[PDB]
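Right, one structure below, let's go through it.
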Amino acid sequence: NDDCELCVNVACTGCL
């Protein structure tokens, strides 16, 4: 698994 931690970049599922 490799989910983002705190939307540190454009690779997280919580920055939309």
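Per Swiss-Prot, chain A residues shown: 97-112, in order.
Going by what the header records, the deposited coordinates were determined by solution NMR.
Note that Cβ sites are derived from N, Cα and C of the backbone, with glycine treated the same way.
Features of the protein shown, as given by Swiss-Prot:
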type     : residues      : note
DISULFID : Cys100-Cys108 : disulfide bond
DISULFID : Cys103-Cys111 : disulfide bond
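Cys100 (disulfide bond) and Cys111 (disulfide bond) are 10 Å apart (CA-CA, integer value). In the three-state DSSP classification, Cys111 (disulfide bond) falls within coil.
DSSP assigns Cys100 (disulfide bond) to coil, not to a helix or a strand. Within the same chain, the residues at least 6 positions away from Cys100 (disulfide bond) whose Cβ sits under 8 Å from its Cβ are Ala107, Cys108, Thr109, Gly110, listed in sequence order.
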